[PDB]
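What follows is a set of notes on a single structure, which appears directly below.
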Amino acid sequence: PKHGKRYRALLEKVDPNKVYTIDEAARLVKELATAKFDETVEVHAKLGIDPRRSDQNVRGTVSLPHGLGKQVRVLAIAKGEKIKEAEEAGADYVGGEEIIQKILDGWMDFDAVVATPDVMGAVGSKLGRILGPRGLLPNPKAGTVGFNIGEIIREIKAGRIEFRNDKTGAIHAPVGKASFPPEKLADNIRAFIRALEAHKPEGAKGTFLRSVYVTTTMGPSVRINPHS
Amino acid sequence: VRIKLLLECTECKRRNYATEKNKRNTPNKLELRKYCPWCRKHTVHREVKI
Amino acid sequence: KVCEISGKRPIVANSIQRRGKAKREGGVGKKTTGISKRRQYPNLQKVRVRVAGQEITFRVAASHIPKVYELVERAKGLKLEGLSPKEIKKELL
RNA sequence: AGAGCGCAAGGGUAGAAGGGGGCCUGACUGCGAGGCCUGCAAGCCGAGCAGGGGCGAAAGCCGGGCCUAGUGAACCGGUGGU
RNA sequence: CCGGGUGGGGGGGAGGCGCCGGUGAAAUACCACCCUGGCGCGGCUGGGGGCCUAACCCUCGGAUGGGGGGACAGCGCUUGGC
RNA sequence: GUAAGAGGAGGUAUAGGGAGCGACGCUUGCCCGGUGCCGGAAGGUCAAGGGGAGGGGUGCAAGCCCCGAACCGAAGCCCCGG
RNA sequence: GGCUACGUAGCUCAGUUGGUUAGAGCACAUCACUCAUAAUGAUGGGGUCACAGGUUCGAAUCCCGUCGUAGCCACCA
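Protein chains in written order, with my numbering: chain A, 57 to 284; chain B, 31 to 80; chain C, 701 to 793.
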């Protein structure tokens, strides 16, 4: 009577004394998801870069060397020419300077936003209170400033990861989906270790690999020997 | 006097210098001015330290 | 005074603490250069045990106490008797 | 040519060294002929050469700014580097 | 937070919900890692006080003992400093 | 006197050390801003020491050696006051 | 140069973990009273949170650059 009954069975699968690694997390965390749908690995990744340190925010931007999931659709608000860019990718409603009102005057449904430099200004000077603060907008790296933005549309559809370091470094490395066996999970969480190590700080003393926890979501946890 | 601090324009290609002076009191930022190192030609030359 | 076990007497002059100020590192030096002179006393103590007939004192050095205890053990084998404090103490070792 | 030529003057200067603009960025690399100066030590003007680059159709110019002050031998160390 | 939140005990009895809709940075069923302020005992490592003497210090008609001091002092090094 | 001990003093704060003026008769004002002296369980810096996150050389490796953070430290000077 | 702290109303000042909405003391100002003064009361004027950049939807509230600032450390060919 708390975390459900199902997670008391799934409580009868940790015994607060293990590590699992990406190995036992691949196989066994494939088992530790038996409930509903697409619980994304939740690699709960935590370090200690002083929950702001003015700069230490990462952005962690990774291709997930396998695949994400559903449709971000990106949208883009790309001043004319770059509309055409988005017009070949997985981006709908590109409207250079007018879908801005189909984001500010009601309409939604898209992630990242990719936009472009131009509209950064435009479409970032009209959307800085819902899109960017929550997780969209030009954010000069959220796959969202430039034309390296449809290639990064391919990144938002085939593997973004987003790292943002609120109170832990936090990030909830997202794949698993409880249907990619031990295989894809092994290689993908390894890919994520590589992502963490791809975004290294500039003076962050602390454990640059503790919390990994690979709990898909509605299941166990127990780290990964924060490395392999 | 400073606010005009001096620097040794270190070049890329792993060293080679020519010595100068900046100007903080002027919009002058960093400076990659075109100069000639001990080895080669008029290639690059950036700015470092003091 | 002097250790009645392994000798060891006082130590002077460039036996020391120098002051110096000393060189080492900090820029061109910790404070670079730096130099002077001094003096160094040794330890000495005293312990009283009984052992054999009477009681006895030792001007033992510092780390040489269980040596004295071992001398007690040596003493017990020997034939100690009569009135001769330091005279027997001498012989002990 | 008493103007202006950063700041002291002297001197020189418009047949520019002044005042406006386009393209740059030679406050270059390796040298160094030979002189001025002077006890030394430094200070000083620098043909011309080899790489390479800017300007100009080109002739030709650029190893800082019209100049005479804007300086500190050597150790002891400091950073980048061979 | 003078509003209420937390939870045990239990009377008990067939039921109680998250949502797109709505408001704001942000949505409250359910899961995953930690910061702030504290509780309780653990790792490590210190601060104050009292009780006793056997170290060492003083004294008592020779004192083998009595007594008090008592982990202080004294002492030897090492520390900085005035 | 390096001491041992010695004097002080077989004296005990109506005593013994220091300074200041130098009978007795009358008298003693302004300032803690400085300085010294005093008194202080906040706070600052700060010596050796504890410590160990990171780190290096090296050997295949177990490993040996060194650099070494956070945080803990008093006397002292600053700080509160007389 | 290293470690601390702190400067916001004219003087003087806390506020101190945000999310507030800019105080208190005298100082200015006018009305109430009264014989009229001061004692009094009240409403307002005045803050540009040491200056500026950023994390935050909302920093006086946290991070940083310089100042001003005193403490002592501690360094200089």
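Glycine included, each C-beta is placed from N, C-alpha and C at the ideal position.
field: Endpoints, the alpha helix (DSSP H) within which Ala82/A is located
entry: 77 to 87
- request: On a CA-only basis, which of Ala254/A, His255/A, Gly232/A is nearest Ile245/A? Give me that one, please.
  value: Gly232/A
message: Assuming contact is defined by CB atoms lying nearer than 8 angstroms, are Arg76/B and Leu60/B in contact in what I supplied?
response: yes
Residue nearest to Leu160/A in terms of C-alpha spacing, selected from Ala226/A, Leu124/A, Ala178/A: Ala178/A
- prompt: Who are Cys42/B's beta bridge partners in DSSP?
  reply: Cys42/B is not bridged to any residue.
message: For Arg83/A and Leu67/A, what's the separation of their Cα atoms in angstroms?
response: 17 angstroms
message: Less than 8 angstroms between the C-beta atoms of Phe264/A and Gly116/A, yes or no?
response: no
task: Mark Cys69/B as exposed unless 16 or more other C-beta atoms lie within 10 angstroms of its C-beta, in which case mark it buried.
output: exposed
message: Just list the residues that DSSP pairs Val130/A with in beta bridges.
response: Paired residue(s): none; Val130/A is not in a bridge.
message: Please state the DSSP three-state secondary structure of residue 46/A.
response: Since the first and last residues shown for chain A are 57 and 284, residue 46/A lies out of range.
- request: Determine the direct distance from the alpha carbon of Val118/A to that of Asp71/A, and round the result to whole angstroms.
  value: 33 angstroms
- prompt: Three or more C-beta pairs closer than 8 angstroms, one from the segment 254 to 270 of chain A and one from the segment 48 to 56 of chain B: is that the case here?
  reply: No, because fewer than three Cβ pairs between the segment 254 to 270 of chain A and the segment 48 to 56 of chain B fall closer than 8 angstroms, the two stretches do not touch.
field: Pick from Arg750/C, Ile735/C, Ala713/C, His764/C that is closest to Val702/C, judged by C-alpha positions
entry: Nearest option by C-alpha distance: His764/C.
- request: Mind checking which residues open and close the alpha helix (DSSP H) that includes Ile139/A?
  value: 137 to 142
query: In terms of DSSP beta bridges, what is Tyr47/B paired with?
result: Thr40/B
- request: Could you check which residue in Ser110/A, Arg250/A, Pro230/A has the C-alpha nearest to that of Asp222/A?
  value: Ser110/A
- request: Check the DSSP bridge columns for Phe758/C and list the partner residues they point to.
  value: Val747/C
- prompt: Hey, which unbroken runs of the beta strand (DSSP E) at 3 residues or more fall wholly within the segment 708 to 739 of chain C?
  reply: Within the segment 708 to 739 of chain C, the runs of beta strand (DSSP E) at least 3 residues long that lie entirely inside it are, in chain order, 711 to 713.
query: Given that a residue counts as buried once 16 or more other Cβ atoms are within 10 Å of its Cβ, and exposed if not, what is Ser277/A?
result: buried
query: Below 8 angstroms between beta carbons: does that hold for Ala81/A and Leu252/A?
result: no
message: Give me, in chain order, the residues of the same chain whose beta-carbon lies closer than 8 angstroms to that of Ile155/A; leave out the 5 immediate sequence neighbours on both sides.
response: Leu131, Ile133, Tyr149, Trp163
task: Starting from the Cα of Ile735/C, find the closest Cα among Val760/C, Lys723/C, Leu771/C, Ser784/C and give me that residue.
output: Out of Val760/C, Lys723/C, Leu771/C, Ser784/C, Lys723/C has the C-alpha closest to the C-alpha of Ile735/C.
field: For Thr96/A and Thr273/A, the rounded distance between their alpha carbons
entry: 7 angstroms
field: Residue nearest to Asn195/A in terms of C-alpha spacing, selected from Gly206/A, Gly180/A, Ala214/A, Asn204/A
entry: Answer by Cα proximity: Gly180/A.
- prompt: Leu187/A to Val128/A, Cα distance in whole Å?
  reply: 13 angstroms
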